[PDB]
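Peer 1: Just so it is clear, I am handing over run.tsv, which has TSV, N, CA and C atoms and all ligand atoms.
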chain	number	residue	atom	x	y	z
A	1	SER	N	0.86	-1.20	0.00
A	1	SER	CA	0.00	0.00	0.00
A	1	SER	C	0.89	1.24	0.00
A	2	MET	N	0.27	2.40	0.19
A	2	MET	CA	0.95	3.70	0.14
A	2	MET	C	2.15	3.76	1.08
A	3	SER	N	3.32	3.98	0.46
A	3	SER	CA	4.64	4.07	1.12
A	3	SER	C	5.11	2.77	1.78
A	4	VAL	N	4.49	1.66	1.38
A	4	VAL	CA	4.82	0.33	1.90
A	4	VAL	C	5.05	-0.50	0.67
A	5	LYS	N	6.34	-0.60	0.32
A	5	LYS	CA	6.82	-1.27	-0.88
A	5	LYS	C	7.06	-2.76	-0.70
A	6	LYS	N	6.40	-3.53	-1.53
A	6	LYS	CA	6.58	-4.95	-1.59
A	6	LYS	C	7.92	-5.25	-2.30
A	7	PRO	N	8.61	-6.32	-1.90
A	7	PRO	CA	9.77	-6.69	-2.69
A	7	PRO	C	9.31	-7.19	-4.06
A	8	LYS	N	10.10	-6.91	-5.09
A	8	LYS	CA	9.75	-7.28	-6.48
A	8	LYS	C	10.94	-7.92	-7.19
A	9	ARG	N	10.67	-8.96	-7.97
A	9	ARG	CA	11.70	-9.57	-8.77
A	9	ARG	C	12.37	-8.57	-9.72
A	10	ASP	N	13.64	-8.85	-9.99
A	10	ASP	CA	14.45	-8.19	-10.98
A	10	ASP	C	13.93	-8.54	-12.40
A	11	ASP	N	13.38	-7.56	-13.11
A	11	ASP	CA	12.79	-7.80	-14.43
A	11	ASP	C	13.69	-7.31	-15.59
A	12	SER	N	14.94	-6.94	-15.28
A	12	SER	CA	15.81	-6.24	-16.22
A	12	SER	C	16.21	-7.11	-17.42
A	13	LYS	N	16.22	-8.43	-17.22
A	13	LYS	CA	16.57	-9.40	-18.27
A	13	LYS	C	15.34	-9.94	-19.04
A	14	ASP	N	14.14	-9.55	-18.64
A	14	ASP	CA	12.93	-10.24	-19.15
A	14	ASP	C	12.84	-10.12	-20.68
A	15	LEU	N	13.09	-8.92	-21.21
A	15	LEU	CA	13.02	-8.70	-22.67
A	15	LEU	C	13.94	-9.61	-23.50
A	16	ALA	N	15.22	-9.61	-23.15
A	16	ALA	CA	16.16	-10.57	-23.71
A	16	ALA	C	15.74	-12.03	-23.54
A	17	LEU	N	15.25	-12.41	-22.38
A	17	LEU	CA	14.93	-13.78	-22.17
A	17	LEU	C	13.68	-14.20	-22.99
A	18	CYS	N	12.68	-13.34	-23.05
A	18	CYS	CA	11.47	-13.62	-23.88
A	18	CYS	C	11.82	-13.67	-25.37
A	19	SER	N	12.71	-12.76	-25.80
A	19	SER	CA	13.20	-12.75	-27.19
A	19	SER	C	13.89	-14.09	-27.56
A	20	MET	N	14.72	-14.58	-26.64
A	20	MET	CA	15.40	-15.87	-26.80
A	20	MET	C	14.41	-17.02	-26.82
A	21	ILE	N	13.42	-17.00	-25.93
A	21	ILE	CA	12.36	-18.03	-26.00
A	21	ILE	C	11.63	-18.01	-27.35
A	22	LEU	N	11.27	-16.82	-27.81
A	22	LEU	CA	10.56	-16.69	-29.07
A	22	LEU	C	11.40	-17.19	-30.24
A	23	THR	N	12.69	-16.90	-30.23
A	23	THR	CA	13.58	-17.37	-31.28
A	23	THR	C	13.60	-18.90	-31.29
A	24	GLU	N	13.61	-19.51	-30.12
A	24	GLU	CA	13.59	-21.00	-30.04
A	24	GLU	C	12.28	-21.58	-30.56
A	25	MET	N	11.20	-20.85	-30.33
A	25	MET	CA	9.89	-21.27	-30.87
A	25	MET	C	9.89	-21.15	-32.39
A	26	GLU	N	10.34	-20.00	-32.90
A	26	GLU	CA	10.35	-19.70	-34.34
A	26	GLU	C	11.18	-20.72	-35.15
A	27	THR	N	12.20	-21.31	-34.52
A	27	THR	CA	13.10	-22.27	-35.20
A	27	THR	C	12.77	-23.78	-34.93
A	28	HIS	N	11.78	-24.07	-34.10
A	28	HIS	CA	11.28	-25.46	-33.89
A	28	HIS	C	10.64	-25.98	-35.20
A	29	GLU	N	10.88	-27.24	-35.50
A	29	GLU	CA	10.40	-27.90	-36.69
A	29	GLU	C	8.90	-27.86	-36.82
A	30	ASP	N	8.21	-27.89	-35.70
A	30	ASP	CA	6.76	-27.87	-35.68
A	30	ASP	C	6.15	-26.43	-35.58
A	31	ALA	N	6.95	-25.41	-35.82
A	31	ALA	CA	6.46	-23.99	-35.73
A	31	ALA	C	5.71	-23.54	-36.99
A	32	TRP	N	5.76	-24.34	-38.05
A	32	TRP	CA	5.27	-23.93	-39.37
A	32	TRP	C	3.83	-23.42	-39.42
A	33	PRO	N	2.92	-23.94	-38.57
A	33	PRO	CA	1.58	-23.35	-38.66
A	33	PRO	C	1.49	-21.93	-38.11
A	34	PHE	N	2.52	-21.49	-37.35
A	34	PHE	CA	2.42	-20.34	-36.39
A	34	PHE	C	3.34	-19.17	-36.74
A	35	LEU	N	4.05	-19.28	-37.85
A	35	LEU	CA	5.01	-18.29	-38.25
A	35	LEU	C	4.37	-16.99	-38.76
A	36	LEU	N	3.21	-17.09	-39.41
A	36	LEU	CA	2.49	-15.93	-39.96
A	36	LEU	C	1.06	-15.96	-39.49
A	37	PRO	N	0.35	-14.82	-39.61
A	37	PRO	CA	-1.05	-14.85	-39.27
A	37	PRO	C	-1.82	-15.82	-40.13
A	38	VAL	N	-2.84	-16.44	-39.55
A	38	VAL	CA	-3.65	-17.38	-40.32
A	38	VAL	C	-4.31	-16.58	-41.42
A	39	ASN	N	-4.23	-17.11	-42.62
A	39	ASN	CA	-4.65	-16.36	-43.77
A	39	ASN	C	-6.17	-16.20	-43.82
A	40	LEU	N	-6.65	-15.01	-43.47
A	40	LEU	CA	-8.10	-14.81	-43.29
A	40	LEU	C	-8.90	-14.88	-44.59
A	41	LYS	N	-8.22	-14.70	-45.71
A	41	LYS	CA	-8.87	-14.75	-47.01
A	41	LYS	C	-9.12	-16.18	-47.42
A	42	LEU	N	-8.18	-17.06	-47.07
A	42	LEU	CA	-8.15	-18.41	-47.58
A	42	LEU	C	-8.72	-19.42	-46.61
A	43	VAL	N	-8.95	-19.02	-45.36
A	43	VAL	CA	-9.33	-19.98	-44.33
A	43	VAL	C	-10.74	-19.65	-43.83
A	44	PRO	N	-11.75	-20.42	-44.31
A	44	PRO	CA	-13.14	-20.14	-43.93
A	44	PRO	C	-13.38	-20.48	-42.47
A	45	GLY	N	-14.16	-19.64	-41.81
A	45	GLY	CA	-14.46	-19.80	-40.37
A	45	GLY	C	-13.61	-18.87	-39.52
A	46	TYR	N	-12.36	-18.67	-39.94
A	46	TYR	CA	-11.31	-18.23	-38.98
A	46	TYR	C	-11.63	-16.90	-38.37
A	47	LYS	N	-11.86	-15.93	-39.24
A	47	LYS	CA	-12.16	-14.56	-38.83
A	47	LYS	C	-13.32	-14.46	-37.81
A	48	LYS	N	-14.42	-15.14	-38.13
A	48	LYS	CA	-15.64	-15.07	-37.34
A	48	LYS	C	-15.47	-15.80	-36.03
A	49	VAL	N	-14.85	-16.98	-36.10
A	49	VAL	CA	-14.71	-17.85	-34.95
A	49	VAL	C	-13.58	-17.43	-34.00
A	50	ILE	N	-12.46	-16.98	-34.55
A	50	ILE	CA	-11.27	-16.65	-33.69
A	50	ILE	C	-11.20	-15.15	-33.50
A	51	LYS	N	-11.67	-14.71	-32.34
A	51	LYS	CA	-11.83	-13.28	-32.05
A	51	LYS	C	-10.51	-12.55	-31.98
A	52	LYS	N	-9.49	-13.21	-31.43
A	52	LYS	CA	-8.19	-12.55	-31.30
A	52	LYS	C	-7.10	-13.42	-31.90
A	53	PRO	N	-6.90	-13.29	-33.20
A	53	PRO	CA	-5.86	-14.06	-33.86
A	53	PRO	C	-4.47	-13.67	-33.31
A	54	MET	N	-3.57	-14.62	-33.20
A	54	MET	CA	-2.20	-14.30	-32.82
A	54	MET	C	-1.27	-15.31	-33.46
A	55	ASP	N	-0.04	-14.87	-33.76
A	55	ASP	CA	0.98	-15.73	-34.37
A	55	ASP	C	2.35	-15.25	-33.95
A	56	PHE	N	3.40	-16.04	-34.25
A	56	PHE	CA	4.77	-15.68	-33.76
A	56	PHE	C	5.30	-14.39	-34.38
A	57	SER	N	5.02	-14.12	-35.66
A	57	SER	CA	5.50	-12.86	-36.28
A	57	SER	C	4.90	-11.62	-35.63
A	58	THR	N	3.65	-11.72	-35.20
A	58	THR	CA	2.95	-10.61	-34.61
A	58	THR	C	3.47	-10.43	-33.24
A	59	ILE	N	3.80	-11.54	-32.57
A	59	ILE	CA	4.45	-11.46	-31.23
A	59	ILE	C	5.82	-10.80	-31.33
A	60	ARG	N	6.60	-11.20	-32.33
A	60	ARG	CA	7.93	-10.66	-32.55
A	60	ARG	C	7.84	-9.12	-32.78
A	61	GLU	N	6.89	-8.70	-33.60
A	61	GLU	CA	6.75	-7.25	-33.91
A	61	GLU	C	6.41	-6.51	-32.61
A	62	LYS	N	5.47	-7.06	-31.87
A	62	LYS	CA	5.13	-6.47	-30.57
A	62	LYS	C	6.30	-6.38	-29.58
A	63	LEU	N	7.09	-7.45	-29.50
A	63	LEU	CA	8.18	-7.49	-28.58
A	63	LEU	C	9.24	-6.44	-28.94
A	64	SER	N	9.47	-6.28	-30.24
A	64	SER	CA	10.50	-5.44	-30.80
A	64	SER	C	10.16	-3.94	-30.70
A	65	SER	N	8.89	-3.63	-30.47
A	65	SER	CA	8.37	-2.26	-30.52
A	65	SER	C	7.80	-1.79	-29.17
A	66	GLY	N	8.11	-2.52	-28.09
A	66	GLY	CA	7.73	-2.10	-26.75
A	66	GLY	C	6.25	-2.21	-26.45
A	67	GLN	N	5.59	-3.17	-27.08
A	67	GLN	CA	4.16	-3.29	-26.90
A	67	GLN	C	3.75	-4.34	-25.83
A	68	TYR	N	4.73	-4.97	-25.19
A	68	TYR	CA	4.47	-5.77	-23.99
A	68	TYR	C	4.91	-5.01	-22.72
A	69	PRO	N	3.94	-4.69	-21.87
A	69	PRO	CA	4.28	-4.02	-20.59
A	69	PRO	C	5.14	-4.90	-19.70
A	70	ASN	N	4.95	-6.23	-19.75
A	70	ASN	CA	5.67	-7.12	-18.84
A	70	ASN	C	5.65	-8.54	-19.37
A	71	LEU	N	6.37	-9.40	-18.68
A	71	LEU	CA	6.55	-10.75	-19.21
A	71	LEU	C	5.23	-11.54	-19.23
A	72	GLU	N	4.30	-11.29	-18.31
A	72	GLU	CA	3.01	-11.98	-18.32
A	72	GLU	C	2.18	-11.67	-19.55
A	73	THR	N	2.22	-10.42	-20.02
A	73	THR	CA	1.50	-10.09	-21.23
A	73	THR	C	2.07	-10.83	-22.44
A	74	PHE	N	3.38	-11.06	-22.45
A	74	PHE	CA	4.00	-11.83	-23.52
A	74	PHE	C	3.53	-13.32	-23.50
A	75	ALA	N	3.61	-13.95	-22.34
A	75	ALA	CA	3.12	-15.32	-22.19
A	75	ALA	C	1.64	-15.49	-22.56
A	76	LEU	N	0.81	-14.51	-22.23
A	76	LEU	CA	-0.59	-14.50	-22.67
A	76	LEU	C	-0.77	-14.56	-24.18
A	77	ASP	N	-0.01	-13.75	-24.93
A	77	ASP	CA	-0.05	-13.84	-26.41
A	77	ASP	C	0.48	-15.20	-26.91
A	78	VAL	N	1.57	-15.71	-26.33
A	78	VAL	CA	2.05	-17.03	-26.78
A	78	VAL	C	0.94	-18.11	-26.56
A	79	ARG	N	0.31	-18.09	-25.38
A	79	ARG	CA	-0.71	-19.08	-25.06
A	79	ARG	C	-1.94	-18.90	-25.93
A	80	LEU	N	-2.24	-17.64	-26.30
A	80	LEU	CA	-3.31	-17.35	-27.19
A	80	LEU	C	-3.15	-18.06	-28.55
A	81	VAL	N	-1.94	-18.09	-29.05
A	81	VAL	CA	-1.62	-18.84	-30.28
A	81	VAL	C	-2.07	-20.31	-30.19
A	82	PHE	N	-1.76	-20.95	-29.06
A	82	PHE	CA	-2.09	-22.37	-28.92
A	82	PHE	C	-3.54	-22.63	-28.55
A	83	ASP	N	-4.15	-21.71	-27.80
A	83	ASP	CA	-5.59	-21.77	-27.50
A	83	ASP	C	-6.42	-21.57	-28.78
A	84	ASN	N	-6.06	-20.59	-29.62
A	84	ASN	CA	-6.68	-20.50	-30.96
A	84	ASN	C	-6.53	-21.80	-31.77
A	85	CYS	N	-5.34	-22.38	-31.75
A	85	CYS	CA	-5.06	-23.51	-32.55
A	85	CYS	C	-6.01	-24.69	-32.14
A	86	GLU	N	-6.23	-24.84	-30.84
A	86	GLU	CA	-7.07	-25.90	-30.31
A	86	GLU	C	-8.54	-25.65	-30.61
A	87	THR	N	-8.93	-24.38	-30.59
A	87	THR	CA	-10.30	-23.99	-30.92
A	87	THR	C	-10.66	-24.29	-32.39
A	88	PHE	N	-9.71	-24.11	-33.30
A	88	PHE	CA	-9.99	-24.26	-34.71
A	88	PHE	C	-9.63	-25.60	-35.32
A	89	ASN	N	-8.66	-26.28	-34.74
A	89	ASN	CA	-8.13	-27.51	-35.36
A	89	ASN	C	-8.41	-28.76	-34.52
A	90	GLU	N	-8.75	-29.87	-35.20
A	90	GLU	CA	-8.87	-31.18	-34.55
A	90	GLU	C	-7.52	-31.57	-33.95
A	91	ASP	N	-7.53	-32.11	-32.72
A	91	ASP	CA	-6.31	-32.64	-32.03
A	91	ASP	C	-5.49	-33.57	-32.91
A	92	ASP	N	-6.20	-34.29	-33.76
A	92	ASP	CA	-5.63	-35.33	-34.59
A	92	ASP	C	-4.92	-34.79	-35.86
A	93	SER	N	-5.23	-33.56	-36.26
A	93	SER	CA	-4.65	-32.97	-37.46
A	93	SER	C	-3.14	-32.73	-37.27
A	94	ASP	N	-2.42	-32.49	-38.37
A	94	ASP	CA	-1.00	-32.12	-38.29
A	94	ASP	C	-0.84	-30.78	-37.58
A	95	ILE	N	-1.72	-29.83	-37.89
A	95	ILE	CA	-1.65	-28.51	-37.22
A	95	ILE	C	-1.96	-28.62	-35.73
A	96	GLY	N	-2.98	-29.40	-35.42
A	96	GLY	CA	-3.43	-29.62	-34.04
A	96	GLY	C	-2.36	-30.28	-33.17
A	97	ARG	N	-1.72	-31.32	-33.72
A	97	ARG	CA	-0.56	-31.95	-33.06
A	97	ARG	C	0.61	-30.97	-32.90
A	98	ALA	N	0.87	-30.17	-33.93
A	98	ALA	CA	1.94	-29.20	-33.86
A	98	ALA	C	1.75	-28.25	-32.69
A	99	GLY	N	0.49	-27.81	-32.49
A	99	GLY	CA	0.17	-26.88	-31.44
A	99	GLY	C	0.37	-27.45	-30.06
A	100	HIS	N	-0.07	-28.69	-29.85
A	100	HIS	CA	0.14	-29.33	-28.55
A	100	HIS	C	1.62	-29.47	-28.24
A	101	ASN	N	2.39	-29.86	-29.25
A	101	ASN	CA	3.83	-29.99	-29.09
A	101	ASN	C	4.51	-28.63	-28.75
A	102	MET	N	4.11	-27.57	-29.46
A	102	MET	CA	4.72	-26.27	-29.24
A	102	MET	C	4.36	-25.72	-27.89
A	103	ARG	N	3.15	-26.00	-27.43
A	103	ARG	CA	2.74	-25.50	-26.15
A	103	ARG	C	3.58	-26.13	-25.05
A	104	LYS	N	3.66	-27.46	-25.07
A	104	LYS	CA	4.51	-28.21	-24.13
A	104	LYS	C	5.92	-27.66	-24.15
A	105	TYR	N	6.45	-27.41	-25.34
A	105	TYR	CA	7.77	-26.87	-25.50
A	105	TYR	C	7.95	-25.49	-24.87
A	106	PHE	N	6.97	-24.62	-25.10
A	106	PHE	CA	6.96	-23.29	-24.52
A	106	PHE	C	6.91	-23.31	-22.98
A	107	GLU	N	6.00	-24.09	-22.44
A	107	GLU	CA	5.71	-23.97	-21.01
A	107	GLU	C	6.90	-24.46	-20.18
A	108	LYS	N	7.64	-25.43	-20.71
A	108	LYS	CA	8.87	-25.89	-20.04
A	108	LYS	C	10.00	-24.83	-20.08
A	109	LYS	N	10.16	-24.15	-21.23
A	109	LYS	CA	11.13	-23.04	-21.30
A	109	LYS	C	10.72	-21.89	-20.40
A	110	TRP	N	9.42	-21.65	-20.32
A	110	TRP	CA	8.89	-20.61	-19.44
A	110	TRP	C	9.23	-20.89	-17.95
A	111	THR	N	8.98	-22.12	-17.52
A	111	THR	CA	9.23	-22.54	-16.14
A	111	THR	C	10.69	-22.51	-15.84
A	112	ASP	N	11.48	-23.07	-16.75
A	112	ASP	CA	12.92	-23.14	-16.53
A	112	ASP	C	13.55	-21.79	-16.53
A	113	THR	N	12.99	-20.85	-17.27
A	113	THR	CA	13.61	-19.52	-17.39
A	113	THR	C	13.24	-18.54	-16.25
A	114	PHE	N	11.99	-18.61	-15.79
A	114	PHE	CA	11.42	-17.60	-14.90
A	114	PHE	C	10.91	-18.14	-13.57
A	115	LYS	N	10.23	-19.29	-13.60
A	115	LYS	CA	9.45	-19.77	-12.45
A	115	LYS	C	10.30	-20.70	-11.58
A	116	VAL	N	10.80	-21.79	-12.18
A	116	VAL	CA	11.81	-22.66	-11.54
A	116	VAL	C	13.22	-22.13	-11.85
A	117	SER	N	13.41	-20.83	-11.62
A	117	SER	CA	14.70	-20.16	-11.81
A	117	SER	C	14.68	-18.80	-11.10
A	201	LIG	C1	-6.55	-23.15	-47.22
A	201	LIG	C2	-6.79	-24.07	-46.01
A	201	LIG	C3	-5.71	-23.81	-44.93
A	201	LIG	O1	-6.32	-23.84	-43.62
A	201	LIG	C4	-5.56	-23.51	-42.52
A	201	LIG	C5	-6.22	-23.48	-41.29
A	201	LIG	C6	-5.52	-23.18	-40.14
A	201	LIG	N1	-4.14	-22.89	-40.28
A	201	LIG	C7	-3.27	-22.59	-39.27
A	201	LIG	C8	-3.63	-22.48	-37.93
A	201	LIG	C9	-2.55	-22.12	-36.92
A	201	LIG	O2	-4.80	-22.64	-37.50
A	201	LIG	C10	-2.06	-22.40	-39.86
A	201	LIG	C11	-2.20	-22.62	-41.22
A	201	LIG	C12	-1.20	-22.62	-42.15
A	201	LIG	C13	-0.63	-23.86	-42.48
A	201	LIG	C14	0.43	-24.00	-43.38
A	201	LIG	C15	0.99	-22.88	-43.99
A	201	LIG	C16	0.44	-21.65	-43.68
A	201	LIG	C17	-0.62	-21.50	-42.79
A	201	LIG	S1	-1.17	-19.85	-42.48
A	201	LIG	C18	-0.51	-19.33	-40.91
A	201	LIG	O3	-0.53	-19.08	-43.60
A	201	LIG	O4	-2.63	-19.79	-42.54
A	201	LIG	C19	-3.49	-22.91	-41.46
A	201	LIG	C20	-4.17	-23.22	-42.58
Once you've parsed the file, please lay out its structure as structure tokens.
Ligand SMILES: CCCOc1ccn2c(C(C)=O)cc(-c3ccccc3S(C)(=O)=O)c2c1

Peer 2:
Amino acid sequence: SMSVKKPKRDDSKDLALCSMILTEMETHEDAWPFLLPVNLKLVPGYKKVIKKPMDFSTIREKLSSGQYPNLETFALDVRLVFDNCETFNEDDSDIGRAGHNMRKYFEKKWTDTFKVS
């Protein structure tokens, strides 16, 4: 509260560390569905059904331009990518499998970098 400061984690490395996580995502073999925005012209359903589209390129642009206030906002956009993927794609599809794999991959790097670290 007023004039009573809580201790706070050192956030000075967060930008570099999120950038490094994103680079590892962008170069994973199973990242191919997520590199660009889902093509709204070519993909029926998508626009209407997926209210907040997100992809790795859009995350990268945001990260590079100071549009994430903090590391939690970045993780929310990453998770949004995989939550969209599950909403639109069957688990059994190649895209659907890719998403489950990428999510697992992300959440372990997240824990190892910030939470269990
Ligand atoms: C023309 C039918 C293609 O339908 C889809 C439906 C969904 N997706 C996704 C996701 C994440 O839901 C991703 C793609 C896709 C797949 C291969 C190459 C390019 C794309 S994309 C990101 O340009 O739409 C893609 C393509």

Peer 1: Between atom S1 of ligand LIG 201 (chain A) and atom CA of residue 37 of chain A, measure the distance and give it in Å to one decimal.

Peer 2: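 Computing the Euclidean distance for atom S1 of ligand LIG 201 (chain A) and atom CA of residue 37 of chain A yields 5.9 Å.
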
Peer 1: Restricting the calculation to only C-alpha atoms: of A:48, A:28, A:62, A:41, which residue gets closest to residue 15 of chain A?

Peer 2: A:62

Peer 1: Residues of chain A that approach ligand LIG 201 (chain A) to 6.5 Å or less, counting only N, CA and C atoms and all ligand atoms: could you list each one with the shortest pair of atoms and its distance in Å to one decimal, rows by chain and increasing residue number, as CSV?

Peer 2:
residue,atom,partner,partner_atom,distance
A:32,C,A:LIG201,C14,5.3
A:33,CA,A:LIG201,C10,3.9
A:34,N,A:LIG201,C9,5.1
A:35,N,A:LIG201,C18,5.5
A:36,C,A:LIG201,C18,4.0
A:37,C,A:LIG201,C18,3.8
A:38,CA,A:LIG201,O4,3.4
A:39,N,A:LIG201,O4,3.1
A:40,N,A:LIG201,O4,6.3
A:42,C,A:LIG201,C1,4.4
A:43,CA,A:LIG201,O1,4.9
A:44,N,A:LIG201,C2,6.4
A:84,C,A:LIG201,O2,6.0
A:85,CA,A:LIG201,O2,5.0
A:88,C,A:LIG201,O2,6.1
A:89,N,A:LIG201,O2,6.0
A:95,CA,A:LIG201,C8,6.4

Peer 1: Run DSSP on the backbone and grab whatever in segment 22-92 of chain A lands in alpha helix (DSSP H); send it over as a ChimeraX atom specification.

Peer 2: /A:22-26,46-49,56-64,71-88

Peer 1: Go through A:19, A:101, A:113, A:87 one by one, measure the shortest atom-to-atom distance of each to residue 66 of chain A using only C-alpha atoms, and give the residue with the smallest value.

Peer 2: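 So, comparing all the options, the nearest one is A:19.
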
Peer 1: Which residue is closest to residue 98 of chain A? Choose from A:20, A:2, A:25, A:31 and count only N, CA and C atoms.

Peer 2: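 Checking each of A:20, A:2, A:25, A:31 against residue 98 of chain A, counting only N, CA and C atoms, the winner is A:31.
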
Peer 1: Record the distance separating atom CA of residue 11 of chain A and atom CA of residue 23 of chain A, expressed in Å with one decimal.

Peer 2: 19.4 Å

Peer 1: What gap, in Å, lies between atom C of residue 53 of chain A and atom C of residue 81 of chain A?

Peer 2: 7.7 Å

Peer 1: Grab all the atoms of segment 12-31 of chain A that the file lists, wrap them in a box along x, y and z, add 8 Å per side, and give me centre plus edge lengths in Å (one decimal) as JSON.

Peer 2:
{"center_x": 11.1, "center_y": -17.1, "center_z": -26.1, "size_x": 26.9, "size_y": 37.7, "size_z": 37.7}

Peer 1: Between A:80, A:49, A:116, A:75, which has the minimum distance to residue 99 of chain A (counting only C-alpha atoms)?

Peer 2: A:80

Peer 1: So which residues are close to (9.6, -16.5, -26.1), meaning at most 9 Å away in the file's coordinates with only C-alpha atoms counted, and can you show them as a PyMOL selection string?

Peer 2: chain A and resi 17-26+59-60+74-75+78+106+109-110
